[PDB]
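Report on the following structure.
Residue numbers (this note's numbering), protein chains in the order written: chain A, 1 to 222; chain B, 1001 to 1138; chain C, 2001 to 2078.
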């Protein structure tokens, strides 16, 4: 269990670059589909059904894929927010290894025993010659108080690391992609019949999937 | 003869008491020297253990590897480590100061034991002179 | 009238532009092993799976649209 915020922020930049490239290619695919609806090279009721199919599904499908990229980017930023809030670590290059913290913790017992044993021994030799010369044994709690506080930091950090490692995101992107898959599968089932088929035409003219994609995009704009 | 011998005999009796008192005080001082030698031996052993088992072991919980521990959590941890290491060094210095005080006390007691032996030798020689004068006076 | 050449050229540009959408590059974590950050590749893979499914349908829908145009040419000629 290890995390390097340097690598995480580098992946955030690489993710933004790939999202920028995909959004440009998606916009090109949107323009190509738009050119079909504005074309007069085909006419009739079959063109009315194709225009309804493109404007109510094909273009919204490309729009929702851009919304999926924006949602994936927002979830990556929120995952960084969740890490920097659960562990309390706002450093941009922070490196934390749970096994390395445990290795530092495995040496505390030997130091704690040495401090407690030597303190008992020195206190004995100081009290044995107290009638000859009274000498003060130094306070061992001056060492063990920050020693335990330092151990708490290693105790709390390792715990929050293991705690954050089990944190789960929401189903926002999973629900968006399931809506994409179900819509595409329905368009596949209608591809064997004609565009002017009663069941297929009624589906192409239904704008509920378009309104759903419009609502996801409008929420993203605020 | 009777007031002259009693005069020197009384002075010999006092020097005899001074000898026995000086020897007893020297025996008590020598007993304090022995107890401090024991304390110096055991304190030096615990000082060496404080260096190897406490001060020298601090580097094993430091975490100076930047490739495995870096950020604000290391900063908060390095602060408490510095306070722990500074306290362990201070407590060792305290033991070294007490060890010096014990050594200086041993030296002062050895000087006092020699003075008590010199006082006993003087009292014994005075007793022998007074005893000879008291014996010849009769 | 129906111009099949212009229509087939536009549907060809649709199939080209949709297939021109590349895979979302997977993130690379060499030292980072956190599950919340490692599990992002499953979301990227499921994204490219849904996109590849749209690309397969688009390749079929382009052929479907071209057939509707030539059916319009054949039936309007009669």
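Even for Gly, the Cβ is constructed at its ideal location relative to N, Cα and C.
Cβ pair residue i, residue j closer than 8 Å
i	j	result
residue 2043 (chain C)	residue 173 (chain A)	yes
residue 2069 (chain C)	residue 2004 (chain C)	yes
residue 144 (chain A)	residue 115 (chain A)	yes
residue 101 (chain A)	residue 154 (chain A)	yes
residue 2065 (chain C)	residue 3 (chain A)	no
residue 12 (chain A)	residue 76 (chain A)	yes
residue 44 (chain A)	residue 2072 (chain C)	yes
residue 1116 (chain B)	residue 125 (chain A)	no
residue 1 (chain A)	residue 165 (chain A)	yes
residue 1005 (chain B)	residue 1138 (chain B)	yes
residue 1046 (chain B)	residue 118 (chain A)	yes
residue 244 (chain A)	residue 220 (chain A)	The requested residue 244 (chain A) is not part of the displayed model; chain A covers only 1 to 222.
residue 1085 (chain B)	residue 95 (chain A)	no
residue 2027 (chain C)	residue 15 (chain A)	yes
residue 135 (chain A)	residue 1101 (chain B)	yes
residue 1130 (chain B)	residue 1002 (chain B)	no
residue 1113 (chain B)	residue 1029 (chain B)	yes
residue 17 (chain A)	residue 87 (chain A)	no
residue 2060 (chain C)	residue 191 (chain A)	yes
Start and end residues, beta strand (DSSP E) containing residue i
i	result
residue 1054 (chain B)	Residue 1054 (chain B) -> no beta strand (DSSP E), and no H or E assigned at all.
residue 97 (chain A)	95 to 97
residue 3 (chain A)	2 to 4
Backbone CA spacing between residue i and residue j [nearest angstrom]
i	j	result
residue 188 (chain A)	residue 2046 (chain C)	19 Å
residue 1048 (chain B)	residue 162 (chain A)	40 Å
residue 1083 (chain B)	residue 1073 (chain B)	16 Å
residue 139 (chain A)	residue 1091 (chain B)	8 Å
residue 2031 (chain C)	residue 147 (chain A)	30 Å
residue 169 (chain A)	residue 78 (chain A)	9 Å
residue 262 (chain A)	residue 10 (chain A)	Outside the modelled stretch of chain A, which goes from 1 to 222, sits residue 262 (chain A), for which no answer is possible.
residue 1050 (chain B)	residue 1104 (chain B)	22 Å
residue 181 (chain A)	residue 82 (chain A)	29 Å
residue 2076 (chain C)	residue 41 (chain A)	14 Å
residue 31 (chain A)	residue 53 (chain A)	15 Å
residue 1095 (chain B)	residue 149 (chain A)	25 Å
residue 1012 (chain B)	residue 1031 (chain B)	29 Å
residue 186 (chain A)	residue 156 (chain A)	51 Å
residue 184 (chain A)	residue 214 (chain A)	17 Å
residue 1008 (chain B)	residue 1025 (chain B)	26 Å
residue 2006 (chain C)	residue 65 (chain A)	28 Å
residue 107 (chain A)	residue 97 (chain A)	17 Å
residue 196 (chain A)	residue 2038 (chain C)	47 Å
residue 7 (chain A)	residue 70 (chain A)	21 Å
residue 2055 (chain C)	residue 2022 (chain C)	11 Å
residue 129 (chain A)	residue 1017 (chain B)	30 Å
residue 2048 (chain C)	residue 2041 (chain C)	10 Å
residue 121 (chain A)	residue 137 (chain A)	10 Å
First through last residue of the alpha helix (DSSP H) which encompasses residue i
i	result
residue 87 (chain A)	No alpha helix (DSSP H) contains residue 87 (chain A), which DSSP labels as neither H nor E.
residue 2065 (chain C)	2040 to 2077
residue 1127 (chain B)	1072 to 1136
residue 2015 (chain C)	2004 to 2019
residue 46 (chain A)	45 to 53
residue 1061 (chain B)	First-last for residue 1061 (chain B): undefined, no H or E at that position.
residue 202 (chain A)	198 to 204
residue 209 (chain A)	208 to 220
Min CB distance residue i to chain F below 8 Å
i	result
residue 2002 (chain C)	No chain F appears in this structure, whose protein chains are A, B and C.
Task: Cβ contact check for the region 204 to 221 of chain A and the region 43 to 59 of chain A: 3 or more pairs under 8 Å - done: Contact between the region 204 to 221 of chain A and the region 43 to 59 of chain A is present: 3 or more CB-CB pairs across the two stretches fall below 8 Å.
Open item on the list: Does the contact criterion of 3 or more C-beta pairs under 8 Å hold for the region 209 to 222 of chain A versus the region 1021 to 1041 of chain B?
Closed with: Using a Cβ-Cβ distance cut-off of 8 Å, the region 209 to 222 of chain A and the region 1021 to 1041 of chain B are not in contact, since fewer than three pairs of beta carbons, one from each stretch, lie closer than that value.
TODO: With a floor of 4 residues, list each alpha helix (DSSP H) that falls wholly inside the region 168 to 193 of chain A, ordered by position along the chain.
DONE: Every unbroken stretch of the alpha helix (DSSP H) spanning 4 or more residues and falling wholly within the region 168 to 193 of chain A is given here in chain order: 172 to 189.
- [ ] Count the CB pairs spanning the region 1054 to 1074 of chain B and the region 106 to 126 of chain A that are closer than 8 Å, and state whether there are at least three.
- [x] Three or more Cβ pairs drawn from the region 1054 to 1074 of chain B and the region 106 to 126 of chain A lie within less than 8 Å of each other, which places the two stretches in contact.
Open item on the list: Measuring CB atoms only, is the region 1061 to 1077 of chain B touching the region 89 to 99 of chain A, in the sense that at least three cross pairs come out at less than 8 Å?
Closed with: Taking 8 Å as the limit for Cβ pairs, the verdict is that the region 89 to 99 of chain A does touch the region 1061 to 1077 of chain B.
Open item on the list: When you compare the region 25 to 40 of chain A with the region 2007 to 2018 of chain C, are there three or more beta-carbon pairs, one atom per stretch, that lie closer than 8 Å?
Closed with: Touching, yes.
- [ ] Output the residue ranges of the alpha helix (DSSP H) runs that lie fully inside the region 105 to 172 of chain A and measure 4 residues or longer, sorted by chain position.
- [x] Runs found: 108 to 128 and 141 to 164.
Open item on the list: Quick test of the definition: if touching needs 3 or more C-beta pairs under 8 Å, does the region 23 to 32 of chain A touch the region 2017 to 2026 of chain C?
Closed with: Between the region 23 to 32 of chain A and the region 2017 to 2026 of chain C, the count of C-beta pairs closer than 8 Å reaches three or more; the two stretches touch.
TODO: Decide yes or no for the touch test of the region 1096 to 1116 of chain B against the region 1033 to 1041 of chain B: beta carbon pairs closer than 8 Å, at least 3 of them.
DONE: Touching, yes, given that three or more Cβ pairs across the two stretches are closer than 8 Å.
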